[PDB]
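Below, the structure is given as structure tokens:
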């Protein structure tokens with residue numbers, strides 16, 4: 001009854017979830033255990049920047065995760081998505097810190113999709129950039145431990161008044177308006193997500209990762225979602 | 001209680017409420033009597049595209065309508081527009097009748113709101129444009145006799161089956177997502193719309209009009225806003 | 001010497017050069033024989049909009065044509081496309097005839113090229129879209145029988161006065177400004193076009209075709225590229 | 001024979017040019033001595049960010065010049081511009097350091113204009129953002145002392161290999177493709193420029209300012225332009 005499709009950014013080799021023994025990534029499509037994974041060297045006190053994309057005539061949800069002067073990590077998945085999802089969708093992103101804390105700060109969120117096909121020569125589109133995270137979005141919908149208004153920062157996890165992030169948050173920020181990838185006439189049908197994230201952790205082998213999901217209109221957290229359950233999979237590794 | 005700032009495509013002069021000598025688009029700030037105006041040449045069975053532009057800086061509320069081959073019709077009005085509207089503001093369109101028929105028949109809808117200044121310099125945007133209006137809109141919000149679902153079209157007013165419009169309708173649609181023109185850290189909030197309309201009526205006086213509007217978020221059809229009123233105003237002038 | 005990578009709206013099967021059984025759009029990488037193809041249903045006196053999308057990441061050259069009410073025609077092709085083109089690359093369109101008439105008649109032109117990765121994360125873009133083609137274009141570049149100046153229209157081919165097209169024309173237009181898909185600091189160069197066409201010909205075999213192309217910057221009409229050739233290719237297959 | 005219209009950013013009260021005794025700004029329209037000026041507190045080793053804008057139905061070229069957490073400086077000028085310019089235009093920006101050096105580094109240049117009016121429902125547009133100034137633009141046209149490729153920086157003035165900026169440069173960077181603000185049908189006709197500049201100067205009372213011009217297709221430097229002549233006015237204070 002609860003569907004979703006994000007791109008995993010598992011920083012803790014939660015190899016139990018048979019996952020890669022390490023900082024991988026990947027395209028889970030409803031089951032927490034990914035379709036295609038790939039290696040990714042994290043970085044502390046360092047800003048990250050994920051990228052997604054898809055095309056209707058392409059069939060390939062994918063991404064690549066850089067760190068300036070450094071390297072990054074792509075990925076690609078031949079998929080229809082018109083399979084995975086229903087005609088209307090709500091897009092958000094959410095992190096989870098596990099047994100260990102960290103800071104899943106969202107720094108610069110952007111989302112833009114666009115439709116057309118039909119030849120009717122029309123194309124349509126939703127898009128909004130975010131850069132000045134105030135305190136209350138009215139337009140953003142937070143869920144859990146996602147507090148918002150810090151400094152133009154977006155925090156989807158708990159963390160103190162001084163500098164003390166906990167290790168059990170699980171939040172959920174997503175765009176108030178719902179998206180789409182329906183329409184008859186439909187031919188090609190992009191969207192492109194992308195965000196400057198930046199995790200840190202005092203400790204040496206941090207848990208656990210971040211995500212970016214499309215999904216239900218009214219998707220909600222998982223009684224699961226924890227750690228590896230990414231805050232989006234009921235659980236059932 | 002409910003505020004609004006928005007431009008009206010009057011198509012029936014109503015010299016009883018200050019609706020001068022003939023068609024006039026109007027810049028209303030709560031009253032059906034436009035602070036500033038200019039005449040209008042309602043073109044039946046024709047394609048015409050309204051406008052509005054704003055400047056944070058600048059600050060000049062200025063719309064424009066325009067039919068093909070023929071000349072357009074300008075008219076603006078200088079205001080502060082952050083002394084009337086609230087912080088976060090949701091929007092759509094609407095329009096009424098009350099004594100004949102008409103097709104407050106909409107063709108396609110465009111919007112964009114740019115918020116900058118910050119000193120982070122980067123622009124926070126939301127923006128969309130419909131070019132296909134199918135059955136139920138979802139991001140949409142209808143609001144009465146307005147209906148969504150007849151031909152990649154959007155009709156705010158009432159109209160029979162085979163094409164026989166009634167004339168005791170009102171019809172309002174908004175945006176599912178609250179919008180946002182203020183940001184503390186601001187110093188240049190801009191927003192721009194534009195939609196094509198196409199009102200028929202087989203009469204020769206089809207009234208009364210329509211209008212491009214904004215407002216609050218718990219803005220609903222004013223129980224008697226009709227003919228004039230414009231499905232906005234609470235009653236009176 | 002002159003390179004090019006670009007999609008062709010063949011409208012005359014030429015089984016002599018590998019122009020199979022009927023109309024086929026084609027993905028050419030230097031030769032008039034498309035590496036990948038799919039059939040086509042040339043629709044005279046009709047409105048149809050070609051496409052092309054690319055992915056830095058991804059990298060899949062994939063266009064699409066489409067007439068209304070009716071179904072579209074897909075077909076893509078995976079390439080690296082930064083092993084063939086040069087750094088800085090200028091573009092436009094073109095198309096030919098050589099044995100009957102036709103209206104390689106263009107309606108409107110769209111483009112956009114996004115270059116990101118950087119680690120500055122911010123996007124370097126150029127993008128434009130014509131919807132009005134008046135007399136002389138200026139940012140434009142015509143290139144033969146192609147003419148600029150008959151009705152917010154753009155015709156790459158020859159055609160008489162009152163409407164009597166000849167059939168020994170070629171007609172190429174480009175962009176006045178060199179473009180740019182490579183950036184050292186890159187890791188996701190994207191670009192997207194789309195234009196509406198409208199070829200007539202009162203015959204029933206109007207050939208030969210047209211095609212969406214790129215290339216070098218000192219790219220000019222290949223002295224004999226005609227019928228097929230496509231005003232690109234130097235001669236031969 | 002040489003026309004141009006920029007927005008002056010005179011950091012040296014070159015009060016001779018009867019100018020404000022200080023760091024003003026302003027809208028010169030062919031004669032170096034401004035139309036409307038206004039005060040502006042510079043800042044060293046500090047990044048600046050100018051903003052322009054105009055509207056066809058508005059009549060108001062203007063700008064505002066901020067410095068985060070700080071203040072800025074707007075300006076506005078009721079003007080047609082369809083007067084000041086010809087139908088086709090080339091847009092650039094250029095600085096000049098006078099008797100004293102400084103660093104007129106251009107950090108983030110952006111330009112976007114758009115047309116439509118006509119009701120033909122079409123709108124057209126040019127736009128490109130710049131953020132990774134390599135060494136040669138092919139697309140940028142430099143003129144004088146504008147060197148380009150430093151670090152993702154744009155320098156329109158001389159300055160050493162170690163850290164030694166001279167005080168006599170005069171450069172000129174502008175977009176290869178030409179812009180426009182012609183078209184019949186014309187109704188409203190924006191553009192919006194905007195850039196993160198950042199001057200510095202070891203010395204206490206630096207010369208002299210920066211600019212941003214529209215102008216000729218092939219405008220060139222002034223045998224003047226120096227210091228206050230901004231690199232765009234033949235001279236004739």
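Chains as they are written, first to last, in PDB author numbering: chain A, 1 to 237; chain B, 1 to 237; chain B', 1 to 237; chain A', 1 to 237. A prime marks a further copy of an entry chain.
The beta-carbon is built from N, C-alpha and C at its ideal position, and this holds for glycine as well.
Specify, as a first and last residue, the run of the beta strand (DSSP E) that residue i falls within.
i, result
"residue 5 of chain A", "4–6"
"residue 213 of chain B'", "209–214"
"residue 205 of chain B", "Where residue 205 of chain B is concerned, there is no enclosing beta strand (DSSP E), given that its DSSP letter is neither H nor E."
"residue 25 of chain A'", "Note, residue 25 of chain A': premise wrong, no beta strand (DSSP E); not H, not E."
"residue 133 of chain B'", "Per DSSP, residue 133 of chain B' belongs to no beta strand (DSSP E) and is neither H nor E."
"residue 150 of chain A", "No beta strand (DSSP E) contains residue 150 of chain A, which DSSP labels as neither H nor E."
"residue 64 of chain B'", "60–66"
"residue 73 of chain A'", "From DSSP, residue 73 of chain A' is part of no beta strand (DSSP E); its letter is neither H nor E."
"residue 180 of chain B'", "Looking at the DSSP string, residue 180 of chain B' is not in any beta strand (DSSP E), and its letter there is neither H nor E."
"residue 51 of chain B'", "51–53"
"residue 157 of chain B'", "That residue, residue 157 of chain B', is in no beta strand (DSSP E); it is neither H nor E in DSSP."
"residue 194 of chain B", "189–197"
"residue 129 of chain B'", "124–129"
Give me the residue from the options with the minimum Cα distance to residue i.
i, options, result
"residue 69 of chain A", "B'/237, B'/184, B'/129", "B'/184"
"residue 115 of chain B", "B/180, B/90, B/36", "B/180"
"residue 38 of chain B", "B/190, B/10, B/29", "B/10"
"residue 65 of chain B", "A'/219, A'/159, A'/188, A'/223", "A'/188"
"residue 239 of chain A", "A/58, A/226, A/218, A/135", "This structure cannot settle anything about residue 239 of chain A, because the visible part of chain A is limited to 1 through 237."
"residue 82 of chain A", "A/106, A/72, A/57", "A/57"
"residue 91 of chain A", "A/235, A/150, A/214, A/227", "A/214"
"residue 27 of chain A'", "A'/129, A'/78, A'/44", "A'/78"
"residue 154 of chain A", "A/130, A/71, A/224, A/163", "A/130"
"residue 117 of chain B'", "A/24, A/30, A/63", "A/63"
"residue 209 of chain B", "B/186, B/235, B/157", "B/157"
"residue 80 of chain B", "B/182, B/235, B/137, B/223", "B/182"
CB residue i to CB residue j, shorter than 8 Å?
i, j, result
"residue 61 of chain B'", "residue 74 of chain B'", "no"
"residue 94 of chain A", "residue 152 of chain A", "no"
"residue 133 of chain B'", "residue 112 of chain B'", "no"
"residue 12 of chain A'", "residue 46 of chain A'", "no"
"residue 193 of chain B'", "residue 110 of chain B'", "yes"
"residue 221 of chain A", "residue 173 of chain A", "no"
"residue 216 of chain B", "residue 32 of chain B", "no"
"residue 54 of chain A'", "residue 191 of chain A'", "yes"
"residue 23 of chain B'", "residue 42 of chain B'", "yes"
"residue 96 of chain A'", "residue 226 of chain A'", "yes"
"residue 72 of chain B", "residue 119 of chain A'", "yes"
"residue 44 of chain B", "residue 201 of chain B", "yes"
Any idea what DSSP makes of residue i, helix, strand or coil?
i, result
"residue 16 of chain A'", "helix"
"residue 92 of chain A", "strand"
"residue 228 of chain A", "helix"
"residue 106 of chain B", "strand"
"residue 114 of chain B'", "strand"
"residue 39 of chain B", "strand"
"residue 163 of chain B", "coil"
"residue 245 of chain B'", "Residue 245 of chain B' is absent from the model: chain B' starts at 1 and stops at 237."
"residue 9 of chain B", "strand"
"residue 98 of chain A", "coil"
"residue 48 of chain A", "coil"
"residue 221 of chain A'", "coil"
Should the segment 77–86 of chain B' be called in touch with the segment 75–87 of chain A', which here means at least 3 C-beta pairs below 8 Å? No: the two stretches stay apart, fewer than three of their Cβ pairs being nearer than 8 Å.
Closer than 8 Å is the cut-off here; do at least three beta carbon pairs connect the segment 190–201 of chain A' with the segment 44–52 of chain A'? yes
Counting Cβ pairs closer than 8 Å, one from the segment 153–173 of chain A and one from the segment 100–115 of chain A, do we hit at least three? yes
Contact the segment 137–144 of chain B vs the segment 220–232 of chain B: 3+ CB pairs below 8 Å: At 8 Å Cβ cutoff, the stretches touch.
Determine, using beta-carbon pairs with one atom in the segment 3–13 of chain A' and one in the segment 202–221 of chain B', whether at least three such pairs fall under 8 Å. In short, these stretches do not touch, since the Cβ pair count stays below three.
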